[PDB]
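Worksheet: the structure to be examined is printed underneath.
There are 2 protein chains.
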Amino acid sequence: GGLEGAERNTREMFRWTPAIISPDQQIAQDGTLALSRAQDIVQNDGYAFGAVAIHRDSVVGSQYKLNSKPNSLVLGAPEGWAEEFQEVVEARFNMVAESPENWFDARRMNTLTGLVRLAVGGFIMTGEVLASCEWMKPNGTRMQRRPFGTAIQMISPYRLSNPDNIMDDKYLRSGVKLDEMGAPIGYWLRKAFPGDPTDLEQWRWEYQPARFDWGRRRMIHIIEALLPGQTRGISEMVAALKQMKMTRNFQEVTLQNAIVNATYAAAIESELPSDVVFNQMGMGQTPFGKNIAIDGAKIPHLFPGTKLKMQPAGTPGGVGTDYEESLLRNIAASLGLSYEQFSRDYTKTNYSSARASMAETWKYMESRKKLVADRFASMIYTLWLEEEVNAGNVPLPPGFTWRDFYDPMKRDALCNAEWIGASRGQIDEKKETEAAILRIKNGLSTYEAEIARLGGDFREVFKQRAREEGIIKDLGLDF
Amino acid sequence: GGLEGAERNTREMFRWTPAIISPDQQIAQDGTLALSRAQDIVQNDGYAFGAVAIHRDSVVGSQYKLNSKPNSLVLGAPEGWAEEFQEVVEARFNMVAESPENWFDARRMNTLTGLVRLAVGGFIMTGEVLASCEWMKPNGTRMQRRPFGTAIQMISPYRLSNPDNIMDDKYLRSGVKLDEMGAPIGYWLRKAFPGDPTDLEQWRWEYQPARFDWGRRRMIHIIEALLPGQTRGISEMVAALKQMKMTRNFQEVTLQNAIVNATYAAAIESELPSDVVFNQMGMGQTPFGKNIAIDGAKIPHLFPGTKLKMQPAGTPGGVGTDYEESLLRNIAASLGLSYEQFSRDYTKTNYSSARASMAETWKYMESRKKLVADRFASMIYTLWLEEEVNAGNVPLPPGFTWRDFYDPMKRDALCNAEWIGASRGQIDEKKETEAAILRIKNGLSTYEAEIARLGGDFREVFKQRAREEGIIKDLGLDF
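As they're listed, the protein sequences go chains A and B.
To convert, take the position in the first sequence, counting from 1, and add 13; that gives the numbering used here.
To convert, take the position in the second sequence, counting from 1, and add 13; that gives the numbering used here.
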């Protein structure tokens, strides 16, 4: 051959013979070991926990608001219906979405924003979002009333497994039931976490269809595939688990080394007995104007042949140097982060380098957002919207009926949504704001687009400004 | 001759005697080992994984929107028609492509943007985009209801192989069937992944035409041919694989060396028993005011001949230094990346250097986009547009009929489309923005290009700004 890196004739490559292996078989063999190792590292390494928090906060942030994008042209509806639908749905949805009642969570502990945060954080940690679209009976007794029935239960990927540990097949890959095309049609879920001694049911599986008798989702599965034909998610951490673990071992053994070196503040080499030597150094000496009482500035007298070697605490190397910076860079590269975010070290930043790292990392996080968090929350929104449409709590477009919601086009037209996370981050308020103002005033952008960059949707902002101007006017304030 | 660099006369070049090997013979003879080594290094190094992510996010980003450019002239179309067709086609296509339903993906797991990202990542990792245009009948059972039949199965380049492992020939080069002029006419695909111990049919191959019938595309194959006469792609990693693996080995063995030198915090050399020596050092001492409990600082008394040697953890060299920088820079040179993106080391940057690197890498990524991502999506768009023209959802120009879609010139006139990825960074905002505004107002550009540089679509932006201006006017606001 002529390709140097694709041959074994080379001393550097003779031993590198990786196996031809399917991604699904990588997951089947490695699988739970990667999940457990990633969870371990996240739960025992501060940098990884922080990275998870950074993913949560950059992708989603403090809020995850709905902006509804009804595709009027597919629906043929007039430009003037859409604004009413947007108003009504955004109000009704965001109200219960941000509500502390946790309506959307079957466990009633996470707000929608919190559900999305949990998904994203698990994604980097597990490689996939796995959730069930439970149903909690609405219009029940007053003590258990609900505005809507749909609820989400986020599932541990450990529970997704082939029933009774059978080997995988063309139509069954690590717990996923596949059609002939490879499309997931249903998932095999252990009724409880594996190995959990508190639940006897963990011995058993249940099969949950991805789609109901109609295309309504009963299960939510999301991955960002690396290889063609991959159907189970492999976490980004897997590329770095070795580096993360060995970096942690390095940090800890370095810290132990430092401590050990600092404890032995001195050493005597003496042929005297210990009781004499330490008495020379202040043992048993009372402090006044086998533990030595420090009082101050002693001058010991040591017989010749007794050597007092003082061993002051040196600076332990490696950690805090460019080396450990490089390790953390290698990791953050897999986690999609900038060294500054991952390591919390901005010592060597400047306005341009900070801005460049922000641009790269924002590209990555906007990708994760629009391809994991937006899909997840949109799967939730389409369910809530199915409920409201069948109930007629929303303004249907001319000629529409809740039965048309089964038409993929007419459905995706309404369920189309854009999601406003927190503000995008703003390293320089003055300059970036003037840029946005320029882009608006010169037509290069919408208010909706910029105000979303600022963490809001433009219409409530304009309503609030209307209220503020009415208040200002009747007060007579000349601003 | 006189060319010292193409002669074996010199001491340096005597042994360098490379084989004259056909490109396809390189792919055949080495080949799969390049794929395995590339996916290995990607799945076991954070830097390569980050590089793949950077490709996906730089080439494609968070969105991949259609901007149809119907060549009204060669269609002989009248004024005004192009706007109506563009409106309808983009309204439908972007809506379905960004839908969480995963219409275009036969696995029903990736949106269109995700398919393009998956190609781009597989490209860098395999040199090839390989996909099958599947057909799933629309308007079947409700749960199977689809808006269109076009589906794309992304295919593992391992499955593209000569049937029954026969040797290649004039008309059959590593799985690709060739005409007399070397053009691909069909592809020989294993039924399933090779060596998958999950299904039996992997012993069998399937020939799939490249052009199903009457112009329609049954399969998609894309490569960046380095050499003439090349029909299979070679990953741009292959120049780097040796360097990647050896720098990985260097990083890891350096880390092991560091951890080892840190572990042995000290040594005692003594003809004393170990039990005695460690007792001198604090073994068994109870910590208040088999292993040593530290309790504050200590002063051991050691008998003469017992040298206590402190061995504090030193800084490991190589990694973190300019040496590792040069290695990662070599690799970045092959992957088309800047050292900063690849390594995330944005310390030694300044505005002009950052801008220069950004431009250098943007040229590469724009080239990759147009040559790989835009062609893939354009093929998908032609397949979808075929369905839409047959169904009559899109307004055809006067005199055009669904049979004219066979005419290569008119077919290519309609299918002509540009694609909008995520925004082009805009590192130094308010300067890039002022630049775009001046470029527009002085006529050196148009809203189409600049807003696309901002990740938006101009016509939708103008509609939304019309809505915003109407709302402002109705609320009586003055921004």
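Cβ coordinates follow ideal geometry from the N, Cα and C atoms, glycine included.
- The beta carbon of A:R437 sits closer than 6 Å to those of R466, all from its chain and outside the five residues before and after it, given in chain order.
- Taking 7 Å as the threshold, the shortest C-beta distance from B:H234 to chain A does not fall below it.
- Under a 10 Å Cβ-count criterion, B:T362 is classified as buried, with 16 or more other Cβ atoms of the shown protein chains found around its own Cβ.
- Three or more Cβ pairs closer than 8 Å define a contact, and the stretch 248 to 258 of chain A meets that threshold against the stretch 49 to 63 of chain B.
- Annotation: A:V273 to A:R69 spans about 38 Å, alpha carbon to alpha carbon.
- Assigned with DSSP and collapsed to three states, A:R437 falls in coil, not helix or strand.
- A:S380 and B:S75 have their C-alpha atoms some 4 Å from each other.
- With contacts defined by Cβ atoms closer than 7 Å, B:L488 and A:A479 form a contacting pair.
- Proximity to A:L128 across A:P176, A:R172, A:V72, A:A90 peaks at A:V72, based on C-alpha coordinates.
- Of A:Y77, A:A47, A:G15, the smallest CA-CA separation from B:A47 is found for A:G15.
- Your pair A:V385 and A:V102 does not check out as a contact, with CB atoms roughly 23 Å apart and the cut at 8 Å.
- Chain-order list of chain A residues neighbouring B:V102: empty, with the shortest C-beta distance near 10 Å, by a criterion of under 9 Å.
- Residues of chain B whose Cβ lies closer than 9 Å to the Cβ of A:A51 do not exist; the shortest such Cβ separation is about 13 Å.
- Using a Cβ distance threshold of 7 Å, A:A367 and A:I440 count as a contacting pair.
- For B:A144, the three-state secondary structure derived from DSSP is strand.
- When Cβ-Cβ separations below 7 Å define contact, A:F98 makes no contact with chain B.
- A residue is called buried once 16 or more other Cβ atoms fall within 10 Å of its Cβ, and B:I198, having fewer, is exposed.
- Here A:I312 carries a coil assignment [DSSP, helix/strand/coil].
- Interface criterion not met: the Cβ of A:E214 is under 7 Å from no Cβ in chain B.
- Its chain contains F471 as the residues whose beta carbon lies nearer than 6 Å to that of B:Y460, once the 5 sequence neighbours on both sides are disregarded; these appear in chain order.
- Using a Cβ-Cβ cut-off of 7 Å, A:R357 does not count as an interface residue toward chain B, since no Cβ of chain B sits closer than that to its own.
- The beta carbon of B:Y364 sits closer than 7 Å to some beta carbon of chain A.
- For B:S81, there is no enclosing alpha helix (DSSP H); the residue is part of the beta strand (DSSP E) that begins and ends at 78 to 81.
- For B:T244, there are no C-beta contacts with chain A under 7 Å, since the nearest C-beta of that chain is about 16 Å from it.
- Around the Cβ of A:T276, a 10 Å sphere holds 16 or more other Cβ atoms; the residue is buried.
- Chain A places a beta carbon closer than 7 Å to that of B:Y60, counting this residue as a contact.
- Chain B places no beta carbon closer than 7 Å to that of A:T319, leaving this residue out of the contacts.
- Taken through DSSP and simplified to helix, strand or coil, B:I40 comes out as helix.
- By alpha-carbon distance to A:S169, the top candidate from A:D182, A:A144, A:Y184 is A:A144.
- Rounded to whole angstroms, the gap between the alpha carbons of A:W116 and B:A132 is 39 Å.
- Every alpha helix (DSSP H) of 4 residues or more that sits fully in the stretch 387 to 461 of chain A is shown, in chain order, as 387 to 404, 421 to 428, 442 to 454.
- Closer than 8 Å at the C-beta level to chain B, one finds no residue of the stretch 123 to 147 of chain A.
- When Cβ-Cβ separations below 7 Å define contact, A:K190 makes no contact with chain B.
- At a cut-off of 7 Å between C-beta atoms, B:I433 does not count as an interface residue with respect to chain A.
- Rounded to the nearest angstrom, the Cβ distance from A:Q298 to A:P313 is 10 Å, too far for a contact under 8 Å.
- By the C-beta density criterion, A:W375 is buried, having at least 16 other C-beta atoms within 10 angstroms.
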